[PDB]
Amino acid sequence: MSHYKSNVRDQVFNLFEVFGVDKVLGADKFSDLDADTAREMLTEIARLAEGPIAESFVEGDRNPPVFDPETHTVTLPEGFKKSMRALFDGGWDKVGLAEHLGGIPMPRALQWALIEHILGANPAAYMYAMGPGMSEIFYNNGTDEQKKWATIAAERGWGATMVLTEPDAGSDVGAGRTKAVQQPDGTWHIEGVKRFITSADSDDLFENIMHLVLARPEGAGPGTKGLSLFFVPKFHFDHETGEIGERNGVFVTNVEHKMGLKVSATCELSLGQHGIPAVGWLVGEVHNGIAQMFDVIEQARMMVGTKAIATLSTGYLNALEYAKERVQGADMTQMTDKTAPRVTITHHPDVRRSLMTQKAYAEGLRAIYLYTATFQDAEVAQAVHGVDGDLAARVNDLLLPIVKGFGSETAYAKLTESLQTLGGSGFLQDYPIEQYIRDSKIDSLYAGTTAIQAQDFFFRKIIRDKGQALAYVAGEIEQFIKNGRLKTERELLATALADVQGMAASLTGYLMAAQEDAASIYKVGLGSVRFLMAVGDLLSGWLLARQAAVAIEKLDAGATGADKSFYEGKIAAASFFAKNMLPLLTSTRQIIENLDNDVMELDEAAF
């Protein structure tokens, strides 16, 4: 079969047996989507992903897109375009789209589980397919007239881009200098050069592309607060019928040569620089750009973390399948007998350590993003957690930088174990793990770097939130701890919870002390990413232990066969993670409690 090895079984376990998402299926918004149909959709897209989507994974990397300066377009490899058509022909670009735009209403938890398969098999294919989802965001933020255009864009399946970055404005979005000049008729002319724009051209995949562009109206103030958001289509069109008209003045000028994710065209995007204006329409006809654009950034951050998690999962399952069959060496208990029988490498302790590390992190990370997603619908959060809409939104906002930051960093790090499991063969392009590594390196950088994630988590999702979402999650962990076969795990979780509490307290002290000693704030910066990572490890351990508690119940009820093996694996993973990953957080807390500004005072010339 394909490079892509899916895990629908673990997704359904999470959705139904752990979080109980099936309790909202058939009711209210999801009135006409039942549990059986949800399961069938997951199986179907898993097969699509393993089949036609994964089919062009290698081709997209080995025969990457080409920029044509004669036409200012990008050409994509034919096999990848065929994969995209398989996604469109099945309507998978409308997963979770609103019903009035042509979608099937479903819990966000199911939506992201469906998307995981595309992100494991060929993640750029989902990225090119995000057009309808962007149309919905344009719809939500649009005027009544603009809602008519967004409806057309969804129905016609136009592609889309999110256009923020400039050479001098990446992390600091507010430094952007792309300009917006209002015209007599109320449209705007956008003038500027944007960088690193995903999908800025996409060959003949679509009849149009909606660029959602941040730009600064003439006379507006500085920073992100002075930015506005503009609908800038590649082609003008008839606002009533949708008929494609004249080219608009927004042109790709370059395609980047990247380590990985090569089939995703990443382009310099010039607005108003090629002799015709780039006409844009102010979104919602209000000046509120960074808030509006964050509707998109939130989804992109969720997507990036889920991509990284999807990629670790197929990396792990590839390594596991390889290890089961590779014969090498004798059993360690016979190591001095040079005539001892040769064994498969799953018999070697270091390989079992490696595989269980990969397994526990892959499944823990899957639990985290599905858990995060259960807070993205008010109805699901109410039904499965008993939490109201306001707290649910805050908890989702808390968890997003974990999914993105901790997901991105962990997946790339543990893929190292996946590749190592293949030995020298892991270094070959014949196997997919080296491409997994290259494709996933970008996940720590785009949609906000890890440092930006960690700063968001602490400054905005905890301090500005006055710790409400954080206290809620901590209370659920404490409840699980308070509650026999999981006594040792619960003790290790209690240490880990106290460690994270200590880190939060130290960092909060460093921030609060900055009012009298400005440089104190630097210790927050020094510790922020380690703190984010510690919270991710704590959440992984808790959710794995919760899974093991369910697995114990199902084994006690009489599970057999492949179910029994699955549940045994959950108990083993939970115990391994508690005993080998959580304790490190104690040393990390002590490190954070002793941070100093020596490294900030050092002359730059001494580095």
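Just count from 1 along the sequence shown to find any residue number.
K.L.:
Between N483 and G484, count the deposited residues left without coordinates and pick a bin: none, 1 to 3, 4 to 9, 10 or more.
P.N.:
Going from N483 to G484, the model skips 4 to 9 residues of the deposited sequence.
K.L.:
For the stretches 329 to 337 and 531 to 539, which has the higher mean C-alpha B-factor as given in the deposited record?
P.N.:
In the deposited entry, the stretch with the higher C-alpha B-factor mean is 329 to 337.
K.L.:
Tell me which of 199 to 207 and 351 to 359 has the higher mean C-alpha B-factor in the deposited entry.
P.N.:
Stretch with the higher mean C-alpha B-factor: 199 to 207.
K.L.:
Just the C-alpha B-factor column, please: which of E409, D517, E417, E321 has the biggest number?
P.N.:
Answer, based on the entry's C-alpha B-factors: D517.
K.L.:
Determine which member of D430, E476, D295, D439 has the highest CA B-factor, using the values in the deposited entry.
P.N.:
If I rank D430, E476, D295, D439 by C-alpha B-factor, first place goes to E476.
K.L.:
Thinking about Cα B factors across the chain, which third does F57 belong to?
P.N.:
Its C-alpha B-factor, which the entry lists for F57, ranks in the lowest third among residues of this chain.
K.L.:
Please rank the C-alpha B-factors of the chain's modelled residues and tell me whether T73 sits in the lowest, middle or highest third.
P.N.:
Middle third of the chain for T73's C-alpha B-factor.
K.L.:
Divide the modelled residues of the chain into thirds by Cα B-factor and specify which third, lowest, middle or highest, holds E246.
P.N.:
For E246, the deposited C-alpha B-factor lands in the highest third.
K.L.:
Is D89 in the lowest, middle or highest third of its chain when residues are ranked by C-alpha B-factor?
P.N.:
CA B-factor rank for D89: highest third.
K.L.:
Taking the entry's C-alpha B-factors for this chain, is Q183 in the lowest, middle or highest third?
P.N.:
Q183: CA B-factor falls in the highest third of its chain.
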